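Enquirer:
Residue numbers (the deposited numbering), protein chains in the order written: chain C, 1 to 394; chain D, 1 to 394; chain E, 340 to 387.
1. Using a Cβ-Cβ distance under 8 Å, would residue 14 of chain C count as near chain D?
2. Ignoring anything shorter than 4 residues or poking outside the region 7-56 of chain D, list the alpha helix (DSSP H) runs there in chain order.
3. Given this structure, state the Cα-to-Cα distance separating residue 373 of chain C from residue 187 of chain C, to the nearest angstrom.
4. According to DSSP, which residues form a beta bridge with residue 102 of chain C?
5. To be precise: take each residue of the region 300-330 of chain D, compare its Cβ to all Cβ atoms of chain C, and keep it if any distance is under 8 Å. Which residues remain?
6. Buried or exposed for residue 254 of chain D, going by 16 or more other Cβ atoms inside 10 Å?
7. Taking 8 Å as the threshold (beta carbon to beta carbon), is residue 232 of chain D in contact with chain C?
8. Name the one or two DSSP bridge partners that residue 209 of chain D has.
9. Does any C-beta atom of chain F lie closer than 8 Å to the C-beta of residue 289 of chain C?
10. Taking the straight line between their C-alpha atoms, what separation do you get for residue 142 of chain C and residue 296 of chain C?
11. I need the DSSP call for residue 81 of chain D, collapsed to helix, strand or coil.
12. Within the continuous alpha helix (DSSP H) that includes residue 383 of chain D, where are the two ends?
13. Run through the DSSP bridge pairs and tell me what residue 176 of chain D is partnered with.
14. Mind checking the region 219-248 of chain D against chain C and listing, in chain order, the residues whose C-beta falls within less than 7 Å of any C-beta there?
15. With distances taken between CB atoms, is the gap from residue 77 of chain D to residue 35 of chain D smaller than 8 Å?
16. Hey, does residue 67 of chain C have any beta-carbon neighbour from chain D nearer than 8 Å?
17. Check whether the Cβ atoms of residue 312 of chain D and residue 181 of chain D lie closer than 8 Å to each other.
18. Give the single residue among D:384, D:284, D:215, D:41 whose Cα lies nearest to the Cα of residue 378 of chain E.
19. Output needed in chain order: residues of the region 79-92 of chain D with a Cβ under 9 Å from some Cβ in chain C.
20. Can you pull out the residues from the region 350-368 of chain D whose beta carbon lies closer than 9 Å to at least one beta carbon of chain E?
21. Terminal residues of the continuous alpha helix (DSSP H) containing residue 292 of chain C?
22. Spell out whether any CB of chain C is found under 8 Å from the CB atom of residue 381 of chain D.
23. For residue 364 of chain D, which residues from the same chain have a beta carbon less than 7 Å from its beta carbon, with the 5 sequence-adjacent residues on both sides left out?
24. Leaving out the 5 sequence neighbours to the left and right, which residues in its chain are closer than 6 Å to residue 95 of chain C when beta-carbon positions are compared?
25. How close, in whole Å, do the beta carbons of residue 150 of chain C and residue 61 of chain C come, if the pair is a contact with beta carbons under 8 Å?
26. Tell me which residue opens and which closes the alpha helix (DSSP H) that residue 257 of chain C is part of.
27. Does DSSP put residue 97 of chain D in a helix, in a strand, or in coil?
28. Hey, residue 381 of chain C and residue 387 of chain C: beta-carbon distance below 8 Å or not?
29. By how many angstroms is the C-alpha of residue 332 of chain C removed from the C-alpha of residue 275 of chain D?
30. Report yes or no: is there a C-beta of chain E within less than 8 Å of the C-beta of residue 2 of chain C?
31. State the Cα-Cα distance for the pair residue 260 of chain C and residue 57 of chain C, rounded to the nearest angstrom.
32. Give me the Cβ distance between residue 325 of chain C and residue 354 of chain C, rounded to the nearest whole Å; I'm assuming they're in contact under 8 Å.
33. What does the Cβ neighbour count give for residue 37 of chain D, buried or exposed, with the cut at 16 atoms within 10 Å?
34. Counting beta carbon pairs with one atom in the region 277-294 of chain C and one in the region 302-317 of chain C, are three or more of them shorter than 8 Å?
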């Protein structure tokens, strides 16, 4: 009767937020791995420039352990800040890892430990020379930068160091957008992002890392979740306005615009195209289930918090509930109108196992062959009967 | 008269929750079996790696007693946690078994009990040696891992131990989804999950157990209810958000996303297809009793609690009431409409004794030949008669 | 007529009243479709 078809509406709503309540215990505590991070102790450009040159080699090194690679990645990302140690410690929310911040101090060819020389210090020094030698020998004499003069470059001016650092920072931050969604199909948008900043003169193109190095870093960035968690945390904190933003932060925030809502195009295309742009072909006894699920998903996205857009980057388990497959019918209809309306929509890979071509065809017809689609008009267009015909005349 | 057909509805509602009230006594207390669990006392990677290798061997062993196999399974599942004993003790709700947590301490080829050597210890040592020898001899020299180098592999880095343990836990946790529903028809969805996690780089494919070991572990998991209860409790605790989630916890929750509502495809398919997607063929005076039963089942499911999705895993007696057989007509109608609508639905085995082919045919017709089926339109589609005709044309 | 399993039940009692049994048999199939009160308004359901 009347009561039924409404009990389920609450039942499906209740089923979504079934056990997602309360607080968990500390028993489920992940084992932690020690991560050694080399941060510059001082503000001297010569030390910082020599440090970021070292961090580039460690990432490019094939003999480097993964823990060292994470430390080099953390060293690079926090190079812009005047207090890299404070930034890492106050913006780390990774239960998987524990970070031991190491102030570099002075700077040799490698790094001087400068702590009880001879006692548990020489072996680390030999290891770093093995890291540096293997890193340089692995490549065919090719420096990480696309310009060989950018590697053996002496930096003593603070102005030059800052510009050089951002270019290394910016080129790294391009990769996060398509590091886990489709890392193989990258280097097209990444080059487009780099070209945009070069034309804006925000980045000096002299310090341009080669694509061989970028592939090595992107592979490291995709494998490791701790680096992604730290980099997402920076994005969220920078996104919060209120204070003055420096050149380093402004580029990071600008890059974060492309990073947001990544890896969830299937869900958002359904929202933008399938749900909005109201087509008379919506209520057809086969979308009401998907419409109800989509409505529940909106509340879940609002409930998650500020980490919702970067769900794929953090690999949240809640993301699977958002993926198409729980509402394949409306999603198939949604990309049916999406491919016809948006020219860019159509390069998306949607060769899933629940394509439902019949509903895809209906979406294709809905964009063009359905009707003109005049929604409720606040302005009274009493003589616009032919106006729709002229619009429909194409 | 008017009172009839409402008195009957209240009677059925009261009969559903007939005697499920009050609190039971302690007289009906099951006999408990001692279960010996070997947990790592320290955090040294070598000891934990040796312990998980021993657990793999014991599980693979054919001469192992069932209690030893359950102990090995509990040892494996809790290896990721830094304090496995606390995790097991604080997440155990099994009246059938009592767990005696044993801190391993040091590690020989097997495990040193290190408690009054010579007194009631040498027999256990020789028993464990027999277990290991039988496990190694039983297979044709084949290690549990698909790579022979992964077995005799020395682990001293914490990161490598974490990665290997994560891979082993993931491969174990794939089996729970289809361990009791259809264990024989597995190895397809399990392989799909493994491929998905490999493509996400969450699991290192080097530590991939062979399919023979996976079959043995799936058989053990299907036979035993205590392991299933422990893993369902872990899933429930992990599902509760609020705290930071590690890589192991994220993987476990992502797997539990697939685990939820397993073994109840008939009921939920009935809901989603027959109940929702309102078809003019619903109100037919042969579905009213089924609709009332379905409503009562919905209230029962809401009443059960957070264990409602995992009733088949825990083998709850309430599950039999949820199974089709109390509402075969609406279930058959929903199966027909689902098979016509959902392409994936149709690989389901529905060769029951209450198929009612007439209602299956009625649902098949209602899916396609019935009508366009335009529901209540909030947006007024004045001229959408031709739109409905075109939609029905397909 | 409705439940296939129902029919293995032994109902050979002394008060069978076949005339009312026959009417029940006709009620399931030959009586009518039996459209009950419809919360959803299906105006075009005459052919349905």
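Beta carbons: idealized from backbone N, C-alpha and C, even for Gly.
Expert: Taking the definition as stated:
1. yes
2. Runs found: 7-16.
3. Roughly 40 Å between the two C-alpha positions.
4. C:38
5. 301, 302, 306, 308, 309
6. buried
7. Taking Cβ atoms only, chain C never reaches closer than 8 Å to residue 232 of chain D, which makes this a no.
8. D:145
9. Any reference to chain F falls outside this structure, whose protein chains are C, D and E.
10. 53 Å
11. Residue state, collapsed to three classes: strand.
12. No alpha helix (DSSP H) holds residue 383 of chain D; DSSP gives it neither H nor E.
13. According to DSSP, residue 176 of chain D bridges with nothing at all.
14. 236, 237, 238, 239, 240, 241, 242, 243, 244, 246, 247, 248
15. no
16. yes
17. yes
18. Looking at the Cα atoms, D:284 is the closest of the given residues.
19. Within the region 79-92 of chain D, the qualifying residues are 79, 80, 81, 82, 83, 86, 87, 88, 89, 90, 91.
20. 353, 354, 355, 356, 366
21. That run of the alpha helix (DSSP H) goes 288-304.
22. yes
23. 336, 340
24. 30
25. Not confirmed; about 19 Å, so no contact.
26. Residue 257 of chain C: member of the alpha helix (DSSP H) spanning 247-259, first to last residue.
27. strand
28. yes
29. Inter-residue distance for residue 275 of chain D and residue 332 of chain C is about 22 Å (C-alpha atoms, whole angstroms).
30. yes
31. Rounded to whole angstroms, residue 260 of chain C to residue 57 of chain C spans 30 Å at the Cα level.
32. 6 Å
33. buried
34. no
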